[PDB]
Amino acid sequence: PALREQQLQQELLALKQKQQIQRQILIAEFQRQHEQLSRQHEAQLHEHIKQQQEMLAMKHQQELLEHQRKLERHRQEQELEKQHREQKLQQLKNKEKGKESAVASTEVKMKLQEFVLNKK
Amino acid sequence: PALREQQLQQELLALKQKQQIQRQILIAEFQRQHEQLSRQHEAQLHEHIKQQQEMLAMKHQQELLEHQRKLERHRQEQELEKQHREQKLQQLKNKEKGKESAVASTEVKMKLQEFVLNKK
Amino acid sequence: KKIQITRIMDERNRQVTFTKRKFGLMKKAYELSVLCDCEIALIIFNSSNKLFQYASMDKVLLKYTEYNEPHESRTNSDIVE
Amino acid sequence: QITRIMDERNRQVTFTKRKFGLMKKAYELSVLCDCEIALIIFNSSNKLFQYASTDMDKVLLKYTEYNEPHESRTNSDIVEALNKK
Amino acid sequence: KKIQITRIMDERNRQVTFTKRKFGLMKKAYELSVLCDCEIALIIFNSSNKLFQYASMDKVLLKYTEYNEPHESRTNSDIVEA
Amino acid sequence: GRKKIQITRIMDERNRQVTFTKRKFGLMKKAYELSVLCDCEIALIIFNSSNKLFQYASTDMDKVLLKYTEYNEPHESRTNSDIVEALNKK
DNA sequence: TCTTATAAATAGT
DNA sequence: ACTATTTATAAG
DNA sequence: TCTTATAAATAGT
DNA sequence: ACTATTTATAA
């Protein structure tokens, strides 16, 4: 009892097939533009974090060698002082050109005390 | 201990604010292209259904007036038959040129019987 | 002889009297039909259930089917009265 | 003679008397021989006068339901019978 | 007279004997220091806890602090055993 | 001794050697007398011309020297030049 | 390898 | 600050 | 609106 | 079926 129904009705489902895959085309282009944006954001965030890190690393290294130089400033001061007191033993040891050198003691008592207590 | 962090860290949050609204820009253009497609599909579906319905409605009305003409062909057939038997009453009633008319009965008995049974 | 108005119990007398008075009844109808220019129909069923009819038939019966007015109608009891 | 009465009143009174006598001969035949008789008469003025032996509607309805060969007579048949004297 | 090697019970005799034998001990050290060209150091604490030292001081003491070899050291009991 | 020799460096080796030994032991005996007779603690250090160490202690060498390191008062200290400036006064 | 003439140092008168 | 005993010290 | 001369119709001999 | 009675119709 169909006039043109067997053709028009068999055309409708063929139309909504194209409609539905047109929707899948849109939803798939939407997923790839979302992921392409996320990869774009990820590289920008990684570039700025690389910037922040390469600033902190050089600030902390120059502070590290600051501590290192402070240790050298300390050990060099103490080494030069622990030999500065030993230079005072030469102005008393050898000669004062025989003025009044051989009389008494004042600082060699420390050296004598340290040498005696090393009897072990 | 703050060299440039207090400026670059105040720049980080200003960066991901642009990124986050870029994400909303994307999802908003996605919403409008989805709805613009659904309105596009809705008009295409309405146009084809308008096509299918305007074929059914005019096939069914021309079939309806076919039934209507079939009733006319029947009522006209029965009205012409119920007066066709009444035409036969005239060839017996008025004149046969007086050949041998007044003898007996063969179909006036039916008219007489119907006239008698209507005595109510 | 004179006979009373009663059923003839004899078969042959009722038979021939039926025949003669039938033909005489048609004659009286013939004389009325022609003398006064009137149309008359007469239908008679005997005791043997056979039809005997007279017409001055289809025309008169068809006229009777087409007349629905008050009219004079008589019966056997009306003839006695 | 049996000829149309051209006068009106003579045809009228003769119609009435021969009508009543016609119903009397039918009354005698109906009762004496036990037969059912139906008589229908239309005058020249197209007015109905009828007579029935037992029942008009029953006799007429019987007549509509009988299709056998039978004796039927006419005015011309009476002339073709009485002119054999 | 020839006295014995015992603590002088007297105070004044122990005092002046301390002075005279101290000065004589410096003199014997003076003779050894010059005659044989040797460097000598002598440190003396009395019974009154006062210091009396002699040098032929800083140079001799500092030399002693810089010599860790076996050498002759004597004591009072070693003088008795001699 | 037999005849007094002057206060001069003995140029000979053996005479300076034996005189060094005798006068050293006698110097320790005079110190032994003073250490015991007057109850005093005495420390003596002697380096010869050959820079060899010879020492003497009255009671304990380390205890006397450690005492000497812990005494910072005015006191009598003498030298060879002070003995020369003291003996030639008559 | 040390044994006796003379200084060298010391204690009561 | 001293005379009469001890004590070292130097060449056979 | 009808009452009596003559046909009109009919039953046994 | 013919010869009496009996109805039946126009003055």
# chains A, B, ... in the order shown; residues from 1 in each chain; ligands from 1
>>> residues_around(residues="residue 2 (chain G)", least_positions_apart="6", cutoff="12 Å", atoms="only C-alpha atoms (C1' of nucleotides)", output="number ranges by chain")
F: 18; H: 11-12
>>> calpha_fit_and_write(fixed="chain A", moving="chain B", output="compact mmCIF listing (two decimals) with N, CA and C atoms, in the first residue's frame")
# COMPACT_ATOMS: atom_id res chain seq x y z
N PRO B 1 -0.75 -0.42 -0.41
CA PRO B 1 -0.91 0.94 0.12
C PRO B 1 0.41 1.68 0.23
N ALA B 2 1.43 1.19 -0.47
CA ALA B 2 2.76 1.80 -0.46
C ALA B 2 2.94 2.58 -1.76
N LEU B 3 3.01 3.90 -1.65
CA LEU B 3 3.17 4.76 -2.81
C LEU B 3 4.65 5.09 -3.01
N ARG B 4 5.21 5.86 -2.08
CA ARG B 4 6.60 6.26 -2.13
C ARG B 4 7.27 6.12 -0.77
N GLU B 5 6.52 5.66 0.23
CA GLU B 5 7.07 5.48 1.57
C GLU B 5 8.24 4.51 1.57
N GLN B 6 8.14 3.42 0.80
CA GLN B 6 9.20 2.42 0.78
C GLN B 6 10.51 2.94 0.20
N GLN B 7 10.52 4.14 -0.37
CA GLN B 7 11.75 4.80 -0.80
C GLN B 7 12.16 5.94 0.11
N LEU B 8 11.20 6.75 0.56
CA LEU B 8 11.50 7.87 1.44
C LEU B 8 11.81 7.41 2.86
N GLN B 9 11.18 6.31 3.30
CA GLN B 9 11.51 5.73 4.60
C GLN B 9 12.87 5.04 4.56
N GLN B 10 13.23 4.43 3.43
CA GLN B 10 14.59 3.92 3.25
C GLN B 10 15.61 5.03 3.08
N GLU B 11 15.16 6.27 2.90
CA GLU B 11 16.04 7.43 2.86
C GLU B 11 16.22 8.07 4.22
N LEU B 12 15.26 7.89 5.13
CA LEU B 12 15.35 8.52 6.44
C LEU B 12 16.53 7.98 7.24
N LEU B 13 16.64 6.65 7.35
CA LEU B 13 17.74 6.07 8.11
C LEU B 13 19.09 6.38 7.47
N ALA B 14 19.13 6.56 6.15
CA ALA B 14 20.36 6.99 5.50
C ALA B 14 20.70 8.44 5.81
N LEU B 15 19.71 9.23 6.23
CA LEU B 15 19.97 10.62 6.59
C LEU B 15 20.57 10.72 7.99
N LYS B 16 19.94 10.08 8.98
CA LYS B 16 20.43 10.14 10.35
C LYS B 16 21.70 9.32 10.56
N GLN B 17 22.12 8.52 9.58
CA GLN B 17 23.46 7.95 9.63
C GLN B 17 24.51 9.01 9.36
N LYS B 18 24.25 9.88 8.38
CA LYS B 18 25.14 11.01 8.13
C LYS B 18 25.15 11.98 9.30
N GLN B 19 23.98 12.22 9.91
CA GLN B 19 23.92 13.11 11.06
C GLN B 19 24.71 12.56 12.24
N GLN B 20 24.60 11.25 12.49
CA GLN B 20 25.23 10.68 13.67
C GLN B 20 26.75 10.66 13.54
N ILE B 21 27.26 10.40 12.34
CA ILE B 21 28.71 10.45 12.15
C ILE B 21 29.20 11.89 12.06
N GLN B 22 28.34 12.83 11.66
CA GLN B 22 28.69 14.24 11.79
C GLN B 22 28.86 14.62 13.25
N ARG B 23 28.03 14.04 14.12
CA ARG B 23 28.17 14.28 15.55
C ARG B 23 29.49 13.72 16.07
N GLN B 24 29.87 12.52 15.60
CA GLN B 24 31.15 11.95 15.99
C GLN B 24 32.32 12.73 15.41
N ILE B 25 32.14 13.31 14.22
CA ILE B 25 33.16 14.20 13.65
C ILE B 25 33.39 15.38 14.57
N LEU B 26 32.30 15.96 15.09
CA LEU B 26 32.41 17.12 15.96
C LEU B 26 33.11 16.75 17.27
N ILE B 27 32.66 15.68 17.92
CA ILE B 27 33.22 15.30 19.21
C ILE B 27 34.67 14.83 19.07
N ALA B 28 35.07 14.37 17.88
CA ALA B 28 36.45 13.93 17.69
C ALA B 28 37.38 15.12 17.49
N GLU B 29 36.97 16.10 16.67
CA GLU B 29 37.73 17.34 16.57
C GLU B 29 37.74 18.08 17.90
N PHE B 30 36.75 17.84 18.76
CA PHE B 30 36.78 18.43 20.09
C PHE B 30 37.82 17.75 20.97
N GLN B 31 37.95 16.43 20.85
CA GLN B 31 38.93 15.71 21.65
C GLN B 31 40.35 16.09 21.26
N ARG B 32 40.59 16.31 19.97
CA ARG B 32 41.95 16.59 19.51
C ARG B 32 42.35 18.03 19.78
N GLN B 33 41.40 18.97 19.76
CA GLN B 33 41.72 20.34 20.14
C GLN B 33 41.89 20.48 21.64
N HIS B 34 41.22 19.63 22.42
CA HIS B 34 41.44 19.62 23.87
C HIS B 34 42.82 19.09 24.21
N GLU B 35 43.21 17.97 23.59
CA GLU B 35 44.51 17.38 23.86
C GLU B 35 45.64 18.22 23.28
N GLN B 36 45.40 18.88 22.14
CA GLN B 36 46.43 19.74 21.56
C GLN B 36 46.66 20.97 22.43
N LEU B 37 45.62 21.44 23.12
CA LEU B 37 45.79 22.56 24.04
C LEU B 37 46.50 22.13 25.31
N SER B 38 46.20 20.92 25.80
CA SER B 38 46.84 20.44 27.02
C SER B 38 48.33 20.19 26.79
N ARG B 39 48.70 19.71 25.60
CA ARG B 39 50.11 19.60 25.27
C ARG B 39 50.75 20.98 25.13
N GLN B 40 49.99 21.95 24.63
CA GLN B 40 50.49 23.32 24.54
C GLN B 40 50.70 23.93 25.92
N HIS B 41 49.75 23.72 26.84
CA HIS B 41 49.92 24.23 28.20
C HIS B 41 51.04 23.49 28.93
N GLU B 42 51.20 22.19 28.66
CA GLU B 42 52.21 21.41 29.36
C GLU B 42 53.61 21.89 29.02
N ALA B 43 53.83 22.31 27.78
CA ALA B 43 55.15 22.80 27.38
C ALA B 43 55.41 24.19 27.94
N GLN B 44 54.37 25.03 28.03
CA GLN B 44 54.54 26.36 28.61
C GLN B 44 54.84 26.26 30.10
N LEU B 45 54.16 25.35 30.81
CA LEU B 45 54.41 25.17 32.23
C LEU B 45 55.81 24.62 32.48
N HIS B 46 56.27 23.70 31.63
CA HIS B 46 57.61 23.14 31.79
C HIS B 46 58.68 24.18 31.53
N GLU B 47 58.45 25.10 30.59
CA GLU B 47 59.45 26.11 30.28
C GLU B 47 59.61 27.11 31.42
N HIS B 48 58.50 27.51 32.05
CA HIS B 48 58.58 28.46 33.16
C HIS B 48 59.13 27.81 34.42
N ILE B 49 58.84 26.52 34.63
CA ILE B 49 59.41 25.81 35.77
C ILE B 49 60.89 25.55 35.56
N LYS B 50 61.29 25.29 34.31
CA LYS B 50 62.71 25.25 33.99
C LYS B 50 63.37 26.58 34.29
N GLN B 51 62.64 27.68 34.09
CA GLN B 51 63.18 29.00 34.41
C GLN B 51 63.33 29.19 35.91
N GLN B 52 62.30 28.83 36.68
CA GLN B 52 62.34 29.04 38.12
C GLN B 52 63.39 28.16 38.78
N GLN B 53 63.58 26.94 38.28
CA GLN B 53 64.54 26.04 38.91
C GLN B 53 65.97 26.44 38.59
N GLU B 54 66.24 26.87 37.36
CA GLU B 54 67.60 27.26 37.00
C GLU B 54 68.01 28.59 37.63
N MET B 55 67.09 29.29 38.28
CA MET B 55 67.44 30.44 39.10
C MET B 55 67.73 30.02 40.54
N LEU B 56 66.94 29.09 41.08
CA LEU B 56 67.16 28.62 42.44
C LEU B 56 68.49 27.87 42.55
N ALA B 57 68.77 27.00 41.58
CA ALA B 57 69.94 26.14 41.67
C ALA B 57 71.23 26.95 41.67
N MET B 58 71.28 28.01 40.87
CA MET B 58 72.49 28.83 40.79
C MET B 58 72.58 29.87 41.89
N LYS B 59 71.45 30.23 42.51
CA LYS B 59 71.52 31.06 43.71
C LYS B 59 72.02 30.25 44.90
N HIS B 60 71.64 28.97 44.97
CA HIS B 60 72.01 28.14 46.10
C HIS B 60 73.45 27.66 46.02
N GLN B 61 73.99 27.49 44.81
CA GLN B 61 75.38 27.05 44.71
C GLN B 61 76.34 28.20 44.99
N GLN B 62 76.00 29.42 44.55
CA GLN B 62 76.83 30.57 44.87
C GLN B 62 76.76 30.91 46.35
N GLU B 63 75.64 30.61 47.00
CA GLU B 63 75.58 30.70 48.45
C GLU B 63 76.40 29.59 49.10
N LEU B 64 76.46 28.41 48.47
CA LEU B 64 77.24 27.31 49.02
C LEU B 64 78.73 27.63 48.99
N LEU B 65 79.23 28.15 47.87
CA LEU B 65 80.64 28.53 47.79
C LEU B 65 80.95 29.77 48.61
N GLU B 66 79.93 30.53 49.02
CA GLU B 66 80.14 31.58 50.02
C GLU B 66 80.46 30.98 51.38
N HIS B 67 79.70 29.96 51.78
CA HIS B 67 80.02 29.22 53.00
C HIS B 67 81.39 28.56 52.89
N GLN B 68 81.72 28.02 51.71
CA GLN B 68 83.01 27.37 51.52
C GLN B 68 84.16 28.36 51.66
N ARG B 69 84.00 29.56 51.11
CA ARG B 69 85.02 30.59 51.26
C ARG B 69 85.08 31.11 52.69
N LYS B 70 83.97 31.04 53.42
CA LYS B 70 83.99 31.45 54.83
C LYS B 70 84.75 30.45 55.68
N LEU B 71 84.71 29.16 55.32
CA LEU B 71 85.54 28.18 56.00
C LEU B 71 87.01 28.40 55.71
N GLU B 72 87.34 28.74 54.46
CA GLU B 72 88.73 29.04 54.12
C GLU B 72 89.22 30.28 54.86
N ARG B 73 88.37 31.31 54.96
CA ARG B 73 88.75 32.51 55.70
C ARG B 73 88.95 32.23 57.18
N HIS B 74 88.29 31.20 57.71
CA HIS B 74 88.47 30.84 59.11
C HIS B 74 89.69 29.96 59.31
N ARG B 75 89.83 28.91 58.49
CA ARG B 75 90.97 28.02 58.62
C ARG B 75 92.28 28.75 58.32
N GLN B 76 92.25 29.66 57.34
CA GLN B 76 93.42 30.50 57.08
C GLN B 76 93.69 31.44 58.24
N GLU B 77 92.64 31.96 58.87
CA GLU B 77 92.82 32.82 60.03
C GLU B 77 93.45 32.07 61.19
N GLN B 78 93.00 30.84 61.44
CA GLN B 78 93.50 30.06 62.57
C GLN B 78 94.88 29.47 62.29
N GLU B 79 95.16 29.09 61.05
CA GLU B 79 96.51 28.62 60.72
C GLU B 79 97.52 29.75 60.82
N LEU B 80 97.15 30.95 60.36
CA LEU B 80 98.03 32.10 60.49
C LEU B 80 98.18 32.56 61.93
N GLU B 81 97.21 32.26 62.79
CA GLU B 81 97.33 32.62 64.20
C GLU B 81 98.17 31.59 64.96
N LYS B 82 98.00 30.30 64.64
CA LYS B 82 98.76 29.25 65.30
C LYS B 82 100.22 29.23 64.88
N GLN B 83 100.57 29.92 63.79
CA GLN B 83 101.96 30.20 63.46
C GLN B 83 102.38 31.61 63.85
N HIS B 84 101.42 32.50 64.12
CA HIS B 84 101.75 33.83 64.61
C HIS B 84 102.33 33.77 66.02
N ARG B 85 101.79 32.89 66.87
CA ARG B 85 102.34 32.71 68.21
C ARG B 85 103.68 31.98 68.16
N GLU B 86 103.92 31.19 67.12
CA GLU B 86 105.19 30.51 66.95
C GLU B 86 106.27 31.41 66.37
N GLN B 87 105.87 32.49 65.67
CA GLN B 87 106.84 33.51 65.29
C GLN B 87 107.39 34.23 66.50
N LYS B 88 106.58 34.39 67.55
CA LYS B 88 107.04 35.03 68.77
C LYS B 88 108.09 34.20 69.50
N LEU B 89 108.16 32.89 69.23
CA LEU B 89 109.20 32.08 69.85
C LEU B 89 110.58 32.36 69.28
N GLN B 90 110.66 32.89 68.05
CA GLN B 90 111.95 33.17 67.44
C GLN B 90 112.57 34.47 67.96
N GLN B 91 111.75 35.48 68.26
CA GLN B 91 112.30 36.71 68.81
C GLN B 91 112.83 36.52 70.23
N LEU B 92 112.44 35.44 70.90
CA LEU B 92 113.01 35.09 72.20
C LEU B 92 114.07 34.01 72.11
N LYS B 93 113.99 33.13 71.12
CA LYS B 93 114.88 31.97 71.02
C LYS B 93 116.30 32.37 70.66
N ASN B 94 116.54 32.63 69.37
CA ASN B 94 117.89 32.77 68.84
C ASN B 94 118.63 33.97 69.40
N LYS B 95 118.29 35.18 68.94
CA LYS B 95 119.09 36.35 69.28
C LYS B 95 118.22 37.56 69.56
N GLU B 96 118.61 38.31 70.59
CA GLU B 96 118.23 39.70 70.78
C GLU B 96 119.46 40.59 70.70
N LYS B 97 120.45 40.16 69.93
CA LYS B 97 121.81 40.71 69.94
C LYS B 97 122.47 40.58 71.30
N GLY B 98 122.00 39.65 72.13
CA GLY B 98 122.60 39.43 73.44
C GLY B 98 122.52 40.61 74.37
N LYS B 99 121.44 41.40 74.27
CA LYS B 99 121.27 42.56 75.13
C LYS B 99 121.10 42.13 76.58
N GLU B 100 119.95 41.55 76.92
CA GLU B 100 119.72 40.96 78.23
C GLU B 100 118.77 39.77 78.07
N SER B 101 119.11 38.86 77.15
CA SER B 101 118.17 37.83 76.73
C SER B 101 117.93 36.79 77.81
N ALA B 102 119.00 36.23 78.37
CA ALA B 102 118.90 35.10 79.29
C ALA B 102 118.63 35.61 80.70
N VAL B 103 117.35 35.83 81.01
CA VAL B 103 116.96 36.30 82.34
C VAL B 103 115.86 35.40 82.91
N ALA B 104 114.64 35.56 82.41
CA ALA B 104 113.50 34.82 82.93
C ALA B 104 112.61 34.43 81.76
N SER B 105 111.41 33.97 82.08
CA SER B 105 110.46 33.50 81.08
C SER B 105 109.11 34.18 81.27
N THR B 106 108.39 34.33 80.16
CA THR B 106 107.04 34.89 80.16
C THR B 106 106.08 34.16 79.23
N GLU B 107 106.54 33.63 78.09
CA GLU B 107 105.68 32.85 77.21
C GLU B 107 106.26 31.49 76.85
N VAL B 108 107.55 31.26 77.09
CA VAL B 108 108.12 29.93 76.92
C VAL B 108 107.56 28.95 77.95
N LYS B 109 106.97 29.46 79.04
CA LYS B 109 106.36 28.57 80.03
C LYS B 109 105.21 27.79 79.42
N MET B 110 104.47 28.40 78.49
CA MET B 110 103.37 27.71 77.84
C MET B 110 103.88 26.60 76.93
N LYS B 111 104.95 26.86 76.18
CA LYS B 111 105.54 25.84 75.33
C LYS B 111 106.17 24.72 76.15
N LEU B 112 106.79 25.07 77.28
CA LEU B 112 107.37 24.05 78.15
C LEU B 112 106.28 23.19 78.79
N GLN B 113 105.18 23.82 79.21
CA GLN B 113 104.08 23.08 79.82
C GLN B 113 103.45 22.12 78.82
N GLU B 114 103.25 22.57 77.58
CA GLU B 114 102.68 21.69 76.56
C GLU B 114 103.63 20.56 76.20
N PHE B 115 104.94 20.80 76.27
CA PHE B 115 105.90 19.74 76.00
C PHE B 115 105.95 18.73 77.15
N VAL B 116 105.73 19.19 78.38
CA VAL B 116 105.78 18.29 79.53
C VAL B 116 104.53 17.42 79.60
N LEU B 117 103.35 18.02 79.38
CA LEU B 117 102.11 17.26 79.45
C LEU B 117 101.95 16.26 78.32
N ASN B 118 102.81 16.31 77.30
CA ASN B 118 102.79 15.32 76.23
C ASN B 118 103.60 14.07 76.58
N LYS B 119 104.11 13.98 77.80
CA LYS B 119 104.79 12.78 78.28
C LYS B 119 103.73 11.72 78.55
N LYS B 120 103.54 10.80 77.60
CA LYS B 120 102.51 9.78 77.72
C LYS B 120 103.08 8.39 77.44
>>> interface_residues(of="chain C", to="chain I", cutoff="10 Å", atoms="only C-alpha atoms (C1' of nucleotides)", output="PyMOL selection string")
chain C and resi 1-3+17+20-21+24
>>> interface_residues(of="chain D", to="chain J", cutoff="10 Å", atoms="only C-alpha atoms (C1' of nucleotides)", output="list in words")
residues 10, 14, 17, 18 and 21 of chain D
>>> write_last_selection(atoms="C-alpha atoms", output="short mmCIF file (atom, residue, chain, number, x, y, z; two decimals), in the first residue's frame")
data_model
loop_
_atom_site.label_atom_id
_atom_site.label_comp_id
_atom_site.auth_asym_id
_atom_site.auth_seq_id
_atom_site.Cartn_x
_atom_site.Cartn_y
_atom_site.Cartn_z
CA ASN D 10 -80.19 8.08 -14.51
CA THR D 14 -79.02 3.01 -11.87
CA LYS D 17 -79.47 0.10 -7.48
CA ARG D 18 -77.42 -2.26 -9.65
CA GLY D 21 -78.14 -5.85 -6.12
#
>>> atom_distance(atom1="CA of residue 73 (chain E)", atom2="CA of residue 37 (chain E)")
20.4 Å
>>> atom_distance(atom1="CA of residue 60 (chain C)", atom2="CA of residue 41 (chain C)")
6.5 Å
>>> closest_atom_pairs(of="chain C", to="chain D", cutoff="6 Å", atoms="only C-alpha atoms", output="tab-separated table")
residue	atom	partner	partner_atom	distance
C:5	CA	D:32	CA	5.8
C:6	CA	D:32	CA	5.2
C:7	CA	D:32	CA	4.5
C:8	CA	D:32	CA	5.8
C:14	CA	D:33	CA	5.5
C:30	CA	D:75	CA	5.8
C:34	CA	D:4	CA	5.9
C:35	CA	D:4	CA	4.4
C:36	CA	D:11	CA	5.4
C:37	CA	D:44	CA	5.6
C:38	CA	D:43	CA	4.4
C:39	CA	D:42	CA	5.2
C:40	CA	D:41	CA	4.4
C:41	CA	D:40	CA	4.9
C:42	CA	D:39	CA	4.4
C:43	CA	D:38	CA	4.8
C:44	CA	D:37	CA	4.3
C:45	CA	D:36	CA	5.0
C:46	CA	D:35	CA	4.3
C:47	CA	D:35	CA	5.3
C:51	CA	D:70	CA	5.9
C:52	CA	D:71	CA	5.2
C:53	CA	D:72	CA	4.9
C:54	CA	D:73	CA	4.8
C:55	CA	D:74	CA	5.2
C:56	CA	D:74	CA	5.5
C:71	CA	D:48	CA	6.0
C:72	CA	D:49	CA	5.3
C:73	CA	D:50	CA	5.0
C:74	CA	D:51	CA	4.7
C:75	CA	D:52	CA	5.1
C:76	CA	D:53	CA	5.4
>>> select_by_dssp(residues="chain C", states="helix (DSSP H, G or I)", output="PyMOL selection string")
chain C and resi 11-35+58-64+76-80
>>> residues_around(residues="residue 50 (chain F)", least_positions_apart="3", cutoff="12 Å", atoms="only C-alpha atoms (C1' of nucleotides)", output="PyMOL selection string")
(chain E and resi 36-39) or (chain F and resi 13+16-17+20+46-47+53-54)
>>> write_last_selection(atoms="N, CA, C and O atoms", output="JSON list (two decimals), in the first residue's frame")
[["chain", "number", "residue", "atom", "x", "y", "z"],
["E", 36, "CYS", "N", 134.11, 24.97, 79.89],
["E", 36, "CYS", "CA", 133.81, 23.95, 78.90],
["E", 36, "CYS", "C", 132.86, 24.43, 77.81],
["E", 36, "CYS", "O", 132.47, 23.62, 76.96],
["E", 37, "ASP", "N", 132.45, 25.70, 77.83],
["E", 37, "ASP", "CA", 131.54, 26.27, 76.84],
["E", 37, "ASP", "C", 130.26, 25.44, 76.74],
["E", 37, "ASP", "O", 129.93, 24.86, 75.70],
["E", 38, "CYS", "N", 129.54, 25.39, 77.85],
["E", 38, "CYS", "CA", 128.28, 24.66, 77.94],
["E", 38, "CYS", "C", 127.21, 25.57, 78.51],
["E", 38, "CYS", "O", 127.49, 26.48, 79.30],
["E", 39, "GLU", "N", 125.96, 25.32, 78.12],
["E", 39, "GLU", "CA", 124.82, 26.12, 78.54],
["E", 39, "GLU", "C", 124.07, 25.40, 79.66],
["E", 39, "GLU", "O", 123.71, 24.23, 79.52],
["F", 13, "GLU", "N", 140.19, 18.92, 73.59],
["F", 13, "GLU", "CA", 138.95, 18.16, 73.65],
["F", 13, "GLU", "C", 138.89, 17.25, 74.87],
["F", 13, "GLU", "O", 137.87, 17.20, 75.56],
["F", 16, "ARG", "N", 138.79, 19.23, 78.22],
["F", 16, "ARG", "CA", 137.45, 19.77, 78.36],
["F", 16, "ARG", "C", 136.42, 18.67, 78.59],
["F", 16, "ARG", "O", 135.37, 18.92, 79.20],
["F", 17, "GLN", "N", 136.70, 17.45, 78.12],
["F", 17, "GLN", "CA", 135.76, 16.35, 78.31],
["F", 17, "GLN", "C", 135.77, 15.85, 79.75],
["F", 17, "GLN", "O", 134.72, 15.76, 80.40],
["F", 20, "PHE", "N", 134.68, 18.42, 82.17],
["F", 20, "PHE", "CA", 133.22, 18.54, 82.10],
["F", 20, "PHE", "C", 132.55, 17.47, 82.95],
["F", 20, "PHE", "O", 131.58, 17.76, 83.67],
["F", 46, "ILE", "N", 121.58, 21.02, 81.75],
["F", 46, "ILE", "CA", 122.94, 21.24, 81.27],
["F", 46, "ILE", "C", 123.04, 20.73, 79.84],
["F", 46, "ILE", "O", 122.87, 19.53, 79.59],
["F", 47, "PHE", "N", 123.33, 21.63, 78.90],
["F", 47, "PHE", "CA", 123.68, 21.27, 77.53],
["F", 47, "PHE", "C", 125.17, 21.52, 77.33],
["F", 47, "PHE", "O", 125.65, 22.64, 77.56],
["F", 53, "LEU", "N", 122.01, 16.54, 76.09],
["F", 53, "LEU", "CA", 121.28, 16.92, 77.29],
["F", 53, "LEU", "C", 121.74, 16.11, 78.50],
["F", 53, "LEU", "O", 121.85, 14.88, 78.44],
["F", 54, "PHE", "N", 122.01, 16.82, 79.60],
["F", 54, "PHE", "CA", 122.25, 16.21, 80.91],
["F", 54, "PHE", "C", 121.52, 17.04, 81.95],
["F", 54, "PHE", "O", 121.75, 18.25, 82.05]]
>>> select_by_dssp(residues="region 4-89 of chain F", states="strand (DSSP E or B)", output="JSON, numbers by chain")
{"F": [41, 42, 43, 44, 45, 46, 47, 53, 54, 55, 56, 57, 76, 77, 78, 79]}
>>> residues_around(residues="region 14-18 of chain E", least_positions_apart="4", cutoff="7 Å", atoms="only C-alpha atoms (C1' of nucleotides)", output="JSON, numbers by chain")
{"E": [8, 10, 22], "F": [34, 38]}
>>> interface_residues(of="chain E", to="chain G", cutoff="12 Å", atoms="only C-alpha atoms (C1' of nucleotides)", output="PyMOL selection string")
chain E and resi 1-3+13+16-17+20-25+27-28+31
>>> write_last_selection(atoms="N, CA and C atoms", output="short mmCIF file (atom, residue, chain, number, x, y, z; two decimals), in the first residue's frame")
data_model
loop_
_atom_site.label_atom_id
_atom_site.label_comp_id
_atom_site.auth_asym_id
_atom_site.auth_seq_id
_atom_site.Cartn_x
_atom_site.Cartn_y
_atom_site.Cartn_z
N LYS E 1 132.32 22.06 111.57
CA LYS E 1 132.54 20.61 111.60
C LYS E 1 131.92 19.92 110.40
N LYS E 2 132.22 18.63 110.25
CA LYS E 2 131.61 17.82 109.21
C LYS E 2 130.19 17.46 109.63
N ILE E 3 129.20 18.08 109.00
CA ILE E 3 127.81 17.84 109.34
C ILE E 3 127.26 16.72 108.47
N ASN E 13 119.99 29.05 110.72
CA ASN E 13 121.09 28.30 110.12
C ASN E 13 120.70 27.76 108.75
N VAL E 16 120.75 31.01 106.22
CA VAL E 16 122.02 31.53 105.71
C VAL E 16 122.81 30.43 105.00
N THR E 17 122.69 29.18 105.43
CA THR E 17 123.29 28.08 104.68
C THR E 17 122.65 27.95 103.31
N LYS E 20 124.29 30.81 101.20
CA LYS E 20 125.70 30.66 100.87
C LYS E 20 125.93 29.49 99.92
N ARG E 21 125.26 28.36 100.15
CA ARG E 21 125.40 27.23 99.24
C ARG E 21 124.68 27.47 97.92
N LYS E 22 123.67 28.35 97.91
CA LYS E 22 123.05 28.74 96.64
C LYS E 22 124.03 29.53 95.79
N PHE E 23 124.69 30.53 96.39
CA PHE E 23 125.63 31.35 95.65
C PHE E 23 126.85 30.55 95.21
N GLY E 24 127.29 29.60 96.04
CA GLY E 24 128.38 28.74 95.64
C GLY E 24 127.99 27.78 94.53
N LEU E 25 126.73 27.34 94.53
CA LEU E 25 126.26 26.46 93.47
C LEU E 25 126.19 27.20 92.13
N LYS E 27 128.19 29.55 91.41
CA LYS E 27 129.58 29.76 91.03
C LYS E 27 130.17 28.53 90.36
N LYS E 28 129.88 27.34 90.89
CA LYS E 28 130.34 26.12 90.24
C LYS E 28 129.72 25.96 88.86
N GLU E 31 131.63 28.28 86.61
CA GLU E 31 132.93 27.76 86.18
C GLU E 31 132.77 26.71 85.10
#
>>> interface_residues(of="chain H", to="chain E", cutoff="12 Å", atoms="only C-alpha atoms (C1' of nucleotides)", output="list in words")
residues 1, 4, 5, 6, 7, 8 and 9 of chain H
